[PDB]
Structures are given as structure tokens and as C-alpha cells.
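Dropping input.txt in here (compact mmCIF, N, CA and C atoms and all ligand atoms):
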# COMPACT_ATOMS: atom_id res chain seq x y z
N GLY W 1 25.22 -147.57 -229.20
CA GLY W 1 25.61 -148.14 -227.92
C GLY W 1 24.69 -147.72 -226.80
N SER W 2 25.28 -147.25 -225.70
CA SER W 2 24.50 -146.82 -224.54
C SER W 2 25.21 -145.69 -223.81
N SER W 3 24.43 -144.75 -223.28
CA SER W 3 24.98 -143.61 -222.56
C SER W 3 24.05 -143.18 -221.43
N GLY W 4 24.61 -142.50 -220.43
CA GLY W 4 23.81 -142.05 -219.31
C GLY W 4 24.65 -141.38 -218.24
N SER W 5 25.74 -142.03 -217.85
CA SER W 5 26.63 -141.50 -216.82
C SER W 5 27.87 -142.38 -216.67
N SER W 6 29.04 -141.76 -216.76
CA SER W 6 30.30 -142.49 -216.63
C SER W 6 30.71 -142.61 -215.16
N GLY W 7 31.05 -143.82 -214.75
CA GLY W 7 31.46 -144.05 -213.37
C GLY W 7 30.28 -144.07 -212.42
N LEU W 8 29.48 -143.01 -212.45
CA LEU W 8 28.31 -142.91 -211.58
C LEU W 8 27.52 -144.21 -211.57
N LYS W 9 27.39 -144.82 -212.75
CA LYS W 9 26.66 -146.08 -212.88
C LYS W 9 27.17 -147.12 -211.89
N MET W 10 28.49 -147.14 -211.70
CA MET W 10 29.10 -148.09 -210.77
C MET W 10 28.90 -147.65 -209.33
N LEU W 11 28.79 -146.34 -209.12
CA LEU W 11 28.59 -145.79 -207.79
C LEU W 11 27.21 -146.17 -207.24
N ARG W 12 26.17 -145.75 -207.95
CA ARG W 12 24.80 -146.05 -207.54
C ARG W 12 24.66 -147.52 -207.14
N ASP W 13 25.56 -148.35 -207.65
CA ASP W 13 25.53 -149.78 -207.35
C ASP W 13 26.18 -150.06 -206.00
N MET W 14 27.20 -149.28 -205.66
CA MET W 14 27.91 -149.45 -204.40
C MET W 14 27.01 -149.07 -203.22
N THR W 15 26.58 -147.81 -203.20
CA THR W 15 25.72 -147.32 -202.13
C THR W 15 24.39 -148.07 -202.10
N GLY W 16 24.13 -148.84 -203.16
CA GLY W 16 22.90 -149.60 -203.23
C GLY W 16 22.95 -150.89 -202.43
N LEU W 17 24.13 -151.51 -202.40
CA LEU W 17 24.31 -152.75 -201.66
C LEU W 17 23.60 -152.70 -200.31
N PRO W 18 23.22 -153.88 -199.80
CA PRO W 18 22.53 -153.99 -198.51
C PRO W 18 23.44 -153.66 -197.33
N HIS W 19 24.74 -153.68 -197.57
CA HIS W 19 25.72 -153.38 -196.53
C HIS W 19 26.12 -151.91 -196.57
N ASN W 20 25.45 -151.14 -197.43
CA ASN W 20 25.73 -149.72 -197.56
C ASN W 20 24.46 -148.89 -197.38
N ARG W 21 23.32 -149.56 -197.39
CA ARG W 21 22.04 -148.89 -197.23
C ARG W 21 22.09 -147.89 -196.08
N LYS W 22 22.90 -148.19 -195.07
CA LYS W 22 23.04 -147.32 -193.91
C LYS W 22 24.46 -146.76 -193.82
N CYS W 23 24.62 -145.68 -193.07
CA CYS W 23 25.92 -145.05 -192.91
C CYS W 23 26.91 -146.00 -192.23
N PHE W 24 28.13 -145.53 -192.02
CA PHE W 24 29.16 -146.34 -191.39
C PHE W 24 29.24 -146.04 -189.89
N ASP W 25 28.85 -144.83 -189.51
CA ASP W 25 28.88 -144.42 -188.12
C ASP W 25 27.47 -144.30 -187.56
N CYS W 26 26.74 -143.28 -188.00
CA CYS W 26 25.38 -143.05 -187.55
C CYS W 26 24.43 -144.12 -188.10
N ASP W 27 24.97 -144.99 -188.94
CA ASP W 27 24.18 -146.06 -189.54
C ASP W 27 22.88 -145.52 -190.12
N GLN W 28 22.92 -144.27 -190.58
CA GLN W 28 21.74 -143.63 -191.16
C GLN W 28 21.41 -144.23 -192.52
N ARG W 29 20.15 -144.63 -192.69
CA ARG W 29 19.71 -145.22 -193.95
C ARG W 29 19.64 -144.17 -195.05
N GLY W 30 20.75 -143.98 -195.75
CA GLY W 30 20.80 -143.00 -196.82
C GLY W 30 22.11 -142.23 -196.86
N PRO W 31 23.20 -142.94 -197.17
CA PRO W 31 24.54 -142.34 -197.24
C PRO W 31 24.69 -141.39 -198.43
N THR W 32 25.31 -140.24 -198.18
CA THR W 32 25.51 -139.25 -199.23
C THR W 32 26.98 -138.84 -199.32
N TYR W 33 27.85 -139.67 -198.77
CA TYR W 33 29.29 -139.40 -198.78
C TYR W 33 30.09 -140.69 -198.79
N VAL W 34 31.35 -140.60 -199.19
CA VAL W 34 32.23 -141.76 -199.25
C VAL W 34 33.65 -141.40 -198.82
N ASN W 35 34.21 -142.20 -197.92
CA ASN W 35 35.56 -141.96 -197.42
C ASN W 35 36.60 -142.57 -198.36
N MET W 36 37.45 -141.72 -198.92
CA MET W 36 38.49 -142.18 -199.83
C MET W 36 39.61 -142.89 -199.08
N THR W 37 39.75 -142.57 -197.79
CA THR W 37 40.78 -143.18 -196.96
C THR W 37 40.35 -144.56 -196.49
N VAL W 38 39.26 -144.62 -195.73
CA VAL W 38 38.75 -145.88 -195.22
C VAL W 38 38.07 -146.69 -196.32
N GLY W 39 37.56 -145.99 -197.33
CA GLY W 39 36.90 -146.67 -198.43
C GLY W 39 35.49 -147.10 -198.08
N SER W 40 34.81 -146.30 -197.26
CA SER W 40 33.45 -146.61 -196.84
C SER W 40 32.47 -145.56 -197.36
N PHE W 41 31.19 -145.74 -197.02
CA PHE W 41 30.15 -144.81 -197.45
C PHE W 41 29.54 -144.10 -196.25
N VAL W 42 29.92 -142.84 -196.06
CA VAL W 42 29.40 -142.04 -194.95
C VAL W 42 28.39 -141.01 -195.44
N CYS W 43 27.93 -140.17 -194.53
CA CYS W 43 26.96 -139.13 -194.86
C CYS W 43 27.55 -137.74 -194.66
N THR W 44 26.75 -136.72 -194.94
CA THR W 44 27.19 -135.34 -194.78
C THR W 44 27.57 -135.04 -193.34
N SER W 45 26.80 -135.58 -192.40
CA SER W 45 27.05 -135.37 -190.98
C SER W 45 28.42 -135.92 -190.59
N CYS W 46 28.60 -137.22 -190.80
CA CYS W 46 29.86 -137.88 -190.47
C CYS W 46 31.01 -137.30 -191.28
N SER W 47 30.83 -137.23 -192.60
CA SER W 47 31.85 -136.70 -193.49
C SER W 47 32.56 -135.51 -192.85
N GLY W 48 31.78 -134.61 -192.26
CA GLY W 48 32.36 -133.44 -191.62
C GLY W 48 33.10 -133.78 -190.34
N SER W 49 32.56 -134.74 -189.59
CA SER W 49 33.18 -135.15 -188.33
C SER W 49 34.56 -135.76 -188.58
N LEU W 50 34.60 -136.79 -189.42
CA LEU W 50 35.85 -137.46 -189.74
C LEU W 50 36.99 -136.46 -189.91
N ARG W 51 36.73 -135.41 -190.69
CA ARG W 51 37.73 -134.37 -190.93
C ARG W 51 38.31 -133.87 -189.61
N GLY W 52 37.44 -133.61 -188.64
CA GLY W 52 37.89 -133.13 -187.35
C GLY W 52 39.01 -133.96 -186.77
N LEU W 53 38.99 -135.26 -187.05
CA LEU W 53 40.01 -136.18 -186.56
C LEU W 53 41.39 -135.79 -187.08
N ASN W 54 42.42 -136.45 -186.57
CA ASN W 54 43.79 -136.17 -186.99
C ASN W 54 44.60 -137.46 -187.09
N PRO W 55 45.15 -137.73 -188.28
CA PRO W 55 44.99 -136.84 -189.44
C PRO W 55 43.57 -136.85 -189.99
N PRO W 56 43.18 -135.74 -190.64
CA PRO W 56 41.84 -135.60 -191.22
C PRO W 56 41.63 -136.50 -192.43
N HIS W 57 40.68 -137.43 -192.32
CA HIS W 57 40.39 -138.35 -193.40
C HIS W 57 39.95 -137.60 -194.65
N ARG W 58 39.61 -138.35 -195.70
CA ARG W 58 39.18 -137.75 -196.96
C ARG W 58 37.76 -138.20 -197.32
N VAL W 59 36.83 -137.25 -197.35
CA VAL W 59 35.44 -137.56 -197.68
C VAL W 59 34.98 -136.75 -198.88
N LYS W 60 34.10 -137.34 -199.68
CA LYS W 60 33.57 -136.67 -200.87
C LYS W 60 32.12 -137.06 -201.11
N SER W 61 31.26 -136.06 -201.26
CA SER W 61 29.84 -136.30 -201.50
C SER W 61 29.64 -137.26 -202.67
N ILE W 62 28.47 -137.89 -202.71
CA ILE W 62 28.15 -138.83 -203.77
C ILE W 62 27.46 -138.13 -204.94
N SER W 63 26.58 -137.19 -204.61
CA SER W 63 25.85 -136.44 -205.63
C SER W 63 26.43 -135.04 -205.79
N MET W 64 26.97 -134.49 -204.71
CA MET W 64 27.55 -133.16 -204.73
C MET W 64 28.95 -133.19 -205.35
N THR W 65 29.56 -134.37 -205.37
CA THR W 65 30.89 -134.53 -205.93
C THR W 65 30.95 -135.73 -206.87
N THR W 66 31.87 -135.68 -207.83
CA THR W 66 32.02 -136.76 -208.79
C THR W 66 33.18 -137.68 -208.40
N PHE W 67 33.37 -138.74 -209.18
CA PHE W 67 34.44 -139.70 -208.92
C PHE W 67 34.94 -140.32 -210.21
N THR W 68 36.14 -140.91 -210.16
CA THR W 68 36.73 -141.54 -211.33
C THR W 68 36.83 -143.05 -211.14
N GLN W 69 37.13 -143.76 -212.23
CA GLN W 69 37.25 -145.21 -212.18
C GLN W 69 38.21 -145.64 -211.08
N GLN W 70 39.47 -145.21 -211.19
CA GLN W 70 40.48 -145.55 -210.20
C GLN W 70 39.91 -145.46 -208.79
N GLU W 71 38.97 -144.54 -208.59
CA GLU W 71 38.35 -144.35 -207.28
C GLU W 71 37.23 -145.37 -207.06
N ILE W 72 36.28 -145.40 -208.00
CA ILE W 72 35.16 -146.32 -207.91
C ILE W 72 35.63 -147.73 -207.56
N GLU W 73 36.50 -148.28 -208.40
CA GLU W 73 37.02 -149.63 -208.18
C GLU W 73 37.59 -149.76 -206.78
N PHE W 74 38.32 -148.74 -206.34
CA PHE W 74 38.92 -148.75 -205.01
C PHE W 74 37.86 -148.88 -203.93
N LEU W 75 36.75 -148.17 -204.11
CA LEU W 75 35.65 -148.20 -203.15
C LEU W 75 34.86 -149.50 -203.27
N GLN W 76 34.76 -150.01 -204.50
CA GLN W 76 34.02 -151.24 -204.75
C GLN W 76 34.76 -152.44 -204.17
N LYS W 77 36.08 -152.46 -204.34
CA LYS W 77 36.90 -153.55 -203.84
C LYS W 77 36.95 -153.53 -202.31
N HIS W 78 36.54 -152.41 -201.73
CA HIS W 78 36.54 -152.26 -200.27
C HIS W 78 35.12 -152.33 -199.72
N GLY W 79 34.37 -151.25 -199.90
CA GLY W 79 33.00 -151.21 -199.42
C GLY W 79 32.90 -151.51 -197.94
N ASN W 80 31.77 -151.15 -197.34
CA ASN W 80 31.55 -151.37 -195.91
C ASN W 80 31.47 -152.87 -195.61
N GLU W 81 31.26 -153.67 -196.64
CA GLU W 81 31.16 -155.12 -196.48
C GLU W 81 32.31 -155.64 -195.63
N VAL W 82 33.53 -155.56 -196.16
CA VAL W 82 34.71 -156.02 -195.45
C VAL W 82 35.27 -154.94 -194.54
N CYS W 83 35.37 -153.72 -195.07
CA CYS W 83 35.89 -152.59 -194.30
C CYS W 83 35.41 -152.65 -192.86
N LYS W 84 34.11 -152.47 -192.66
CA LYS W 84 33.53 -152.50 -191.32
C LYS W 84 34.11 -153.65 -190.51
N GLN W 85 33.83 -154.88 -190.94
CA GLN W 85 34.32 -156.06 -190.25
C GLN W 85 35.79 -155.90 -189.88
N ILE W 86 36.59 -155.42 -190.82
CA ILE W 86 38.02 -155.22 -190.59
C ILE W 86 38.25 -154.25 -189.44
N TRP W 87 37.32 -153.32 -189.25
CA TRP W 87 37.43 -152.33 -188.19
C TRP W 87 36.73 -152.82 -186.92
N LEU W 88 35.91 -153.85 -187.06
CA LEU W 88 35.18 -154.41 -185.93
C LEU W 88 35.71 -155.80 -185.58
N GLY W 89 36.96 -156.06 -185.94
CA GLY W 89 37.57 -157.35 -185.65
C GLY W 89 37.37 -157.77 -184.21
N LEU W 90 37.72 -156.89 -183.28
CA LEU W 90 37.58 -157.18 -181.86
C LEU W 90 36.16 -156.86 -181.37
N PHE W 91 35.59 -155.78 -181.90
CA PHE W 91 34.24 -155.37 -181.53
C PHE W 91 33.33 -156.59 -181.37
N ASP W 92 32.57 -156.61 -180.28
CA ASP W 92 31.66 -157.71 -180.00
C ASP W 92 30.42 -157.22 -179.25
N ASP W 93 29.26 -157.41 -179.86
CA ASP W 93 28.00 -156.99 -179.24
C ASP W 93 28.05 -157.15 -177.73
N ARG W 94 28.70 -158.22 -177.28
CA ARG W 94 28.82 -158.50 -175.85
C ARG W 94 29.94 -157.67 -175.23
N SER W 95 31.10 -157.68 -175.87
CA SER W 95 32.25 -156.94 -175.38
C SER W 95 31.90 -155.47 -175.18
N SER W 96 31.20 -154.89 -176.15
CA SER W 96 30.80 -153.49 -176.07
C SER W 96 29.47 -153.26 -176.79
N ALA W 97 28.95 -152.05 -176.68
CA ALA W 97 27.69 -151.70 -177.32
C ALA W 97 27.86 -150.54 -178.29
N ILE W 98 26.79 -150.19 -178.99
CA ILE W 98 26.83 -149.10 -179.96
C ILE W 98 26.18 -147.84 -179.39
N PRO W 99 26.82 -146.69 -179.62
CA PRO W 99 26.32 -145.40 -179.15
C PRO W 99 25.06 -144.96 -179.88
N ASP W 100 24.69 -143.69 -179.71
CA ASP W 100 23.50 -143.14 -180.35
C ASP W 100 23.87 -142.44 -181.66
N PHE W 101 22.89 -142.30 -182.54
CA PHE W 101 23.11 -141.65 -183.83
C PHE W 101 22.36 -140.32 -183.90
N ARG W 102 22.43 -139.55 -182.82
CA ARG W 102 21.76 -138.25 -182.76
C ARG W 102 22.73 -137.16 -182.34
N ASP W 103 23.64 -137.49 -181.42
CA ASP W 103 24.63 -136.54 -180.94
C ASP W 103 25.99 -136.79 -181.58
N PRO W 104 26.64 -135.70 -182.02
CA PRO W 104 27.96 -135.78 -182.66
C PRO W 104 29.06 -136.16 -181.68
N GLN W 105 28.96 -135.65 -180.46
CA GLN W 105 29.95 -135.94 -179.43
C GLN W 105 30.06 -137.44 -179.19
N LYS W 106 28.92 -138.12 -179.17
CA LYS W 106 28.90 -139.57 -178.96
C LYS W 106 29.51 -140.30 -180.14
N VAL W 107 29.04 -139.98 -181.34
CA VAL W 107 29.55 -140.62 -182.56
C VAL W 107 31.03 -140.31 -182.76
N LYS W 108 31.44 -139.12 -182.32
CA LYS W 108 32.83 -138.70 -182.46
C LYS W 108 33.73 -139.48 -181.49
N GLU W 109 33.44 -139.35 -180.20
CA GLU W 109 34.22 -140.04 -179.18
C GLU W 109 34.40 -141.52 -179.53
N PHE W 110 33.39 -142.09 -180.17
CA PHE W 110 33.43 -143.50 -180.57
C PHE W 110 34.28 -143.68 -181.82
N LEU W 111 33.99 -142.90 -182.85
CA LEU W 111 34.73 -142.97 -184.11
C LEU W 111 36.23 -142.87 -183.87
N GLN W 112 36.61 -142.07 -182.88
CA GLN W 112 38.02 -141.89 -182.55
C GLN W 112 38.65 -143.20 -182.09
N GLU W 113 38.01 -143.85 -181.12
CA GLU W 113 38.50 -145.11 -180.59
C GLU W 113 38.64 -146.15 -181.70
N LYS W 114 38.06 -145.85 -182.86
CA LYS W 114 38.12 -146.75 -184.00
C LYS W 114 39.25 -146.36 -184.95
N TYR W 115 39.54 -145.06 -185.02
CA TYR W 115 40.59 -144.56 -185.89
C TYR W 115 41.71 -143.91 -185.07
N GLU W 116 41.34 -142.93 -184.26
CA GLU W 116 42.30 -142.23 -183.42
C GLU W 116 43.05 -143.20 -182.51
N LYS W 117 42.31 -144.15 -181.95
CA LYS W 117 42.90 -145.15 -181.06
C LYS W 117 43.06 -146.49 -181.77
N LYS W 118 42.19 -146.74 -182.76
CA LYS W 118 42.23 -147.98 -183.52
C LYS W 118 42.16 -149.19 -182.59
N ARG W 119 41.19 -149.18 -181.69
CA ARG W 119 41.01 -150.28 -180.74
C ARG W 119 40.72 -151.58 -181.48
N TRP W 120 39.56 -151.65 -182.11
CA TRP W 120 39.16 -152.85 -182.85
C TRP W 120 39.73 -152.83 -184.26
N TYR W 121 40.97 -152.38 -184.39
CA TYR W 121 41.63 -152.31 -185.69
C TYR W 121 42.35 -153.62 -186.01
N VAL W 122 41.76 -154.41 -186.90
CA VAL W 122 42.34 -155.69 -187.29
C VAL W 122 42.33 -155.85 -188.81
N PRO W 123 43.47 -155.57 -189.45
CA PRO W 123 43.62 -155.69 -190.90
C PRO W 123 43.59 -157.14 -191.37
N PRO W 124 43.22 -157.34 -192.65
CA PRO W 124 43.15 -158.67 -193.25
C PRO W 124 44.53 -159.29 -193.45
N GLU W 125 45.50 -158.46 -193.84
CA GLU W 125 46.86 -158.93 -194.07
C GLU W 125 47.27 -159.95 -193.00
N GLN W 126 46.85 -159.70 -191.77
CA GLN W 126 47.17 -160.59 -190.66
C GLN W 126 46.00 -161.52 -190.34
N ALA W 127 44.80 -160.95 -190.31
CA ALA W 127 43.60 -161.73 -190.02
C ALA W 127 43.65 -163.10 -190.69
N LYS W 128 43.92 -163.10 -192.00
CA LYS W 128 44.00 -164.34 -192.76
C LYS W 128 45.40 -164.93 -192.69
N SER W 129 45.53 -166.19 -193.09
CA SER W 129 46.82 -166.87 -193.07
C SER W 129 47.52 -166.75 -194.42
N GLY W 130 48.85 -166.84 -194.40
CA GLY W 130 49.61 -166.73 -195.62
C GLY W 130 50.98 -167.38 -195.51
N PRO W 131 51.82 -167.18 -196.53
CA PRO W 131 53.18 -167.74 -196.57
C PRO W 131 54.10 -167.08 -195.55
N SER W 132 53.63 -165.99 -194.95
CA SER W 132 54.42 -165.27 -193.95
C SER W 132 53.58 -164.95 -192.72
N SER W 133 53.83 -165.67 -191.64
CA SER W 133 53.09 -165.47 -190.40
C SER W 133 53.94 -164.72 -189.38
N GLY W 134 53.93 -163.39 -189.47
CA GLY W 134 54.70 -162.58 -188.55
C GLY W 134 54.34 -162.83 -187.10
ZN ZN W 201 26.64 -140.77 -190.94

Let's see the structure in the file written out as C-alpha cells.
Amino acid sequence: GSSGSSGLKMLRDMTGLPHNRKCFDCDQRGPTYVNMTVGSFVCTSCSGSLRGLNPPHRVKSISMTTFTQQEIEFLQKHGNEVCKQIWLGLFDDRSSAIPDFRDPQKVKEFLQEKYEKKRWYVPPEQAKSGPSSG
């Protein structure tokens, strides 16, 4: 048959996507972490920041830490592809702008308004139409 790495094979494919090439916050080209809560791909820098928030999200390195199928699939079915958009529902290049990716205070104060405040928080359950329009 074939052997090399279990699960990891599916991971390298996730962080490989063109919508993951960069971080979720600092948009740094080269993510080394993944949020189990949001289901996105962050880096060591952000990974640590997110925790500071409350409640503290869940982050796990990509190479420093391993993952299981139940997890991989969860991250694959999510990915920054839709995740981001779902968090940027209201966000509009015109409505607002993007901070800098050098200072933590800036990335933090912003990340909060996305999670702590959930300003541009627009889930799909409602975004799309269905048999139940609350
Ligand atoms: Zn980052």
C-alpha cells in the first residue's frame, strides 16, 4: 500500500490552500497554528494572543502538535475560506480598514471586536435562507 503520515497528509493540504497561505489575523504568509474553536489557521504569535481573550480560544501548533481525523475534517469543512467571510459578514473595505500586522495591541484590540464584541459576526445558519426564517 502506502505510508508516510496519518492525518498530517490532510493537514498539509489545508494550510496549503490559497485561502490559508496567510494567517487569519496578522495575515502572515506562513501559518503554524490552527484554532479548534473558530476552525481557522493562525500562527504562533496570534495563537498566544487568542488565548488572552475570554473565554480563551483553543489553538494548537501544526508541526509542534498533532491532530486526529475528527479534528482534521472539522478544520477542512471550515477553513478560513468560509470562516473568515462568516466573521467578515458586515466588514467592508469601505466601512472599515485593516490594522497593522506588527504590533500585538493593534491585532488584539481588533481581534476582540471580532470575537469579544463579535461586531461583524454573521453566521451562515441565518445568512442563507431555509425552511425556518427567524
Ligand atoms: Zn498570525

| said: Residues contacting ligand ZN 201 (chain W) - anything with an atom at most 6 Å away, using all atoms listed in the file - can you give me those as a PyMOL selection string? | reply: chain W and resi 23-28+42-47

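Interatomic distance, CA of residue 107 in chain W to atom N of residue 82 in chain W: 20.6 Å.
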
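If you count only C-alpha atoms and ignore residues fewer than 2 places along the chain from residue 60 in chain W, what sits within 8 Å of it is residues 33, 34, 35, 36, 47, 58, 62, 64 and 65 of chain W.
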
Store the residues picked out above, limited to N, CA and C atoms, as a PDB file, in the frame of the given file.
ATOM      1  N   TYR W  33      27.850-139.670-198.770  1.00  0.00           N
ATOM      2  CA  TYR W  33      29.290-139.400-198.780  1.00  0.00           C
ATOM      3  C   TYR W  33      30.090-140.690-198.790  1.00  0.00           C
ATOM      4  N   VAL W  34      31.350-140.600-199.190  1.00  0.00           N
ATOM      5  CA  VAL W  34      32.230-141.760-199.250  1.00  0.00           C
ATOM      6  C   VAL W  34      33.650-141.400-198.820  1.00  0.00           C
ATOM      7  N   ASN W  35      34.210-142.200-197.920  1.00  0.00           N
ATOM      8  CA  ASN W  35      35.560-141.960-197.420  1.00  0.00           C
ATOM      9  C   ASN W  35      36.600-142.570-198.360  1.00  0.00           C
ATOM     10  N   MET W  36      37.450-141.720-198.920  1.00  0.00           N
ATOM     11  CA  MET W  36      38.490-142.180-199.830  1.00  0.00           C
ATOM     12  C   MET W  36      39.610-142.890-199.080  1.00  0.00           C
ATOM     13  N   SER W  47      30.830-137.230-192.600  1.00  0.00           N
ATOM     14  CA  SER W  47      31.850-136.700-193.490  1.00  0.00           C
ATOM     15  C   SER W  47      32.560-135.510-192.850  1.00  0.00           C
ATOM     16  N   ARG W  58      39.610-138.350-195.700  1.00  0.00           N
ATOM     17  CA  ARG W  58      39.180-137.750-196.960  1.00  0.00           C
ATOM     18  C   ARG W  58      37.760-138.200-197.320  1.00  0.00           C
ATOM     19  N   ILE W  62      28.470-137.890-202.710  1.00  0.00           N
ATOM     20  CA  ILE W  62      28.150-138.830-203.770  1.00  0.00           C
ATOM     21  C   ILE W  62      27.460-138.130-204.940  1.00  0.00           C
ATOM     22  N   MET W  64      26.970-134.490-204.710  1.00  0.00           N
ATOM     23  CA  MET W  64      27.550-133.160-204.730  1.00  0.00           C
ATOM     24  C   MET W  64      28.950-133.190-205.350  1.00  0.00           C
ATOM     25  N   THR W  65      29.560-134.370-205.370  1.00  0.00           N
ATOM     26  CA  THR W  65      30.890-134.530-205.930  1.00  0.00           C
ATOM     27  C   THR W  65      30.950-135.730-206.870  1.00  0.00           C
TER      28      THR W  65
END

Can you list every residue in chain W that DSSP puts in helix (DSSP H, G or I), as a short mmCIF file (atom, residue, chain, number, x, y, z; two decimals) with N, CA and C atoms, keeping the file's coordinate frame?
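Output saved as part-v9.cif:
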data_model
loop_
_atom_site.label_atom_id
_atom_site.label_comp_id
_atom_site.auth_asym_id
_atom_site.auth_seq_id
_atom_site.Cartn_x
_atom_site.Cartn_y
_atom_site.Cartn_z
N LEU W 8 29.48 -143.01 -212.45
CA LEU W 8 28.31 -142.91 -211.58
C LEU W 8 27.52 -144.21 -211.57
N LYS W 9 27.39 -144.82 -212.75
CA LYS W 9 26.66 -146.08 -212.88
C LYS W 9 27.17 -147.12 -211.89
N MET W 10 28.49 -147.14 -211.70
CA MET W 10 29.10 -148.09 -210.77
C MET W 10 28.90 -147.65 -209.33
N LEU W 11 28.79 -146.34 -209.12
CA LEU W 11 28.59 -145.79 -207.79
C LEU W 11 27.21 -146.17 -207.24
N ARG W 12 26.17 -145.75 -207.95
CA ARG W 12 24.80 -146.05 -207.54
C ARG W 12 24.66 -147.52 -207.14
N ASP W 13 25.56 -148.35 -207.65
CA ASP W 13 25.53 -149.78 -207.35
C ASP W 13 26.18 -150.06 -206.00
N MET W 14 27.20 -149.28 -205.66
CA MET W 14 27.91 -149.45 -204.40
C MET W 14 27.01 -149.07 -203.22
N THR W 44 26.75 -136.72 -194.94
CA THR W 44 27.19 -135.34 -194.78
C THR W 44 27.57 -135.04 -193.34
N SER W 45 26.80 -135.58 -192.40
CA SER W 45 27.05 -135.37 -190.98
C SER W 45 28.42 -135.92 -190.59
N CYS W 46 28.60 -137.22 -190.80
CA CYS W 46 29.86 -137.88 -190.47
C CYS W 46 31.01 -137.30 -191.28
N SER W 47 30.83 -137.23 -192.60
CA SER W 47 31.85 -136.70 -193.49
C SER W 47 32.56 -135.51 -192.85
N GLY W 48 31.78 -134.61 -192.26
CA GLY W 48 32.36 -133.44 -191.62
C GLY W 48 33.10 -133.78 -190.34
N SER W 49 32.56 -134.74 -189.59
CA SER W 49 33.18 -135.15 -188.33
C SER W 49 34.56 -135.76 -188.58
N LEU W 50 34.60 -136.79 -189.42
CA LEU W 50 35.85 -137.46 -189.74
C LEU W 50 36.99 -136.46 -189.91
N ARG W 51 36.73 -135.41 -190.69
CA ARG W 51 37.73 -134.37 -190.93
C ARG W 51 38.31 -133.87 -189.61
N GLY W 52 37.44 -133.61 -188.64
CA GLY W 52 37.89 -133.13 -187.35
C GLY W 52 39.01 -133.96 -186.77
N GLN W 69 37.13 -143.76 -212.23
CA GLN W 69 37.25 -145.21 -212.18
C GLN W 69 38.21 -145.64 -211.08
N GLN W 70 39.47 -145.21 -211.19
CA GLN W 70 40.48 -145.55 -210.20
C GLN W 70 39.91 -145.46 -208.79
N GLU W 71 38.97 -144.54 -208.59
CA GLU W 71 38.35 -144.35 -207.28
C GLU W 71 37.23 -145.37 -207.06
N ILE W 72 36.28 -145.40 -208.00
CA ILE W 72 35.16 -146.32 -207.91
C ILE W 72 35.63 -147.73 -207.56
N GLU W 73 36.50 -148.28 -208.40
CA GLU W 73 37.02 -149.63 -208.18
C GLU W 73 37.59 -149.76 -206.78
N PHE W 74 38.32 -148.74 -206.34
CA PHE W 74 38.92 -148.75 -205.01
C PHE W 74 37.86 -148.88 -203.93
N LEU W 75 36.75 -148.17 -204.11
CA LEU W 75 35.65 -148.20 -203.15
C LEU W 75 34.86 -149.50 -203.27
N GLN W 76 34.76 -150.01 -204.50
CA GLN W 76 34.02 -151.24 -204.75
C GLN W 76 34.76 -152.44 -204.17
N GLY W 79 34.37 -151.25 -199.90
CA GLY W 79 33.00 -151.21 -199.42
C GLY W 79 32.90 -151.51 -197.94
N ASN W 80 31.77 -151.15 -197.34
CA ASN W 80 31.55 -151.37 -195.91
C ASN W 80 31.47 -152.87 -195.61
N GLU W 81 31.26 -153.67 -196.64
CA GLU W 81 31.16 -155.12 -196.48
C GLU W 81 32.31 -155.64 -195.63
N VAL W 82 33.53 -155.56 -196.16
CA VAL W 82 34.71 -156.02 -195.45
C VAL W 82 35.27 -154.94 -194.54
N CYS W 83 35.37 -153.72 -195.07
CA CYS W 83 35.89 -152.59 -194.30
C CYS W 83 35.41 -152.65 -192.86
N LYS W 84 34.11 -152.47 -192.66
CA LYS W 84 33.53 -152.50 -191.32
C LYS W 84 34.11 -153.65 -190.51
N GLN W 85 33.83 -154.88 -190.94
CA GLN W 85 34.32 -156.06 -190.25
C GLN W 85 35.79 -155.90 -189.88
N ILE W 86 36.59 -155.42 -190.82
CA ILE W 86 38.02 -155.22 -190.59
C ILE W 86 38.25 -154.25 -189.44
N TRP W 87 37.32 -153.32 -189.25
CA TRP W 87 37.43 -152.33 -188.19
C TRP W 87 36.73 -152.82 -186.92
N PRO W 104 26.64 -135.70 -182.02
CA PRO W 104 27.96 -135.78 -182.66
C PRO W 104 29.06 -136.16 -181.68
N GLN W 105 28.96 -135.65 -180.46
CA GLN W 105 29.95 -135.94 -179.43
C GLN W 105 30.06 -137.44 -179.19
N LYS W 106 28.92 -138.12 -179.17
CA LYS W 106 28.90 -139.57 -178.96
C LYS W 106 29.51 -140.30 -180.14
N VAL W 107 29.04 -139.98 -181.34
CA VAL W 107 29.55 -140.62 -182.56
C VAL W 107 31.03 -140.31 -182.76
N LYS W 108 31.44 -139.12 -182.32
CA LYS W 108 32.83 -138.70 -182.46
C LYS W 108 33.73 -139.48 -181.49
N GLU W 109 33.44 -139.35 -180.20
CA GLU W 109 34.22 -140.04 -179.18
C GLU W 109 34.40 -141.52 -179.53
N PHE W 110 33.39 -142.09 -180.17
CA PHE W 110 33.43 -143.50 -180.57
C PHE W 110 34.28 -143.68 -181.82
N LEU W 111 33.99 -142.90 -182.85
CA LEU W 111 34.73 -142.97 -184.11
C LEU W 111 36.23 -142.87 -183.87
N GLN W 112 36.61 -142.07 -182.88
CA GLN W 112 38.02 -141.89 -182.55
C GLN W 112 38.65 -143.20 -182.09
N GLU W 113 38.01 -143.85 -181.12
CA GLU W 113 38.50 -145.11 -180.59
C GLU W 113 38.64 -146.15 -181.70
N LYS W 114 38.06 -145.85 -182.86
CA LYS W 114 38.12 -146.75 -184.00
C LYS W 114 39.25 -146.36 -184.95
N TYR W 115 39.54 -145.06 -185.02
CA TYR W 115 40.59 -144.56 -185.89
C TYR W 115 41.71 -143.91 -185.07
N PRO W 124 43.22 -157.34 -192.65
CA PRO W 124 43.15 -158.67 -193.25
C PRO W 124 44.53 -159.29 -193.45
N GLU W 125 45.50 -158.46 -193.84
CA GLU W 125 46.86 -158.93 -194.07
C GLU W 125 47.27 -159.95 -193.00
N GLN W 126 46.85 -159.70 -191.77
CA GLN W 126 47.17 -160.59 -190.66
C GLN W 126 46.00 -161.52 -190.34
N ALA W 127 44.80 -160.95 -190.31
CA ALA W 127 43.60 -161.73 -190.02
C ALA W 127 43.65 -163.10 -190.69
#

| message | Based on the backbone DSSP call, show me all residues of chain W assigned strand (DSSP E or B), as number ranges by chain. | response | W: 22, 29, 33-35, 59-61

| Which residues, written as a VMD selection string, have at least one atom at most 8 Å from range 8-15 of chain W, with all atoms listed in the file counted and residues fewer than 5 positions away on the same chain left out? | chain W and resid 20 to 22 31 41 66 to 69 72 to 73 75 to 76 79 to 80

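Distance annotation: of W:63, W:128, W:50, W:89, the residue with the minimal separation from residue 111 in chain W is W:50; atom set is all atoms listed in the file.
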
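From atom C of residue 83 in chain W back to CA of residue 95 in chain W, the distance works out to 18.3 Å.
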
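Picture a line from CA of residue 52 in chain W to CA of residue 101 in chain W; it runs 17.4 Å.
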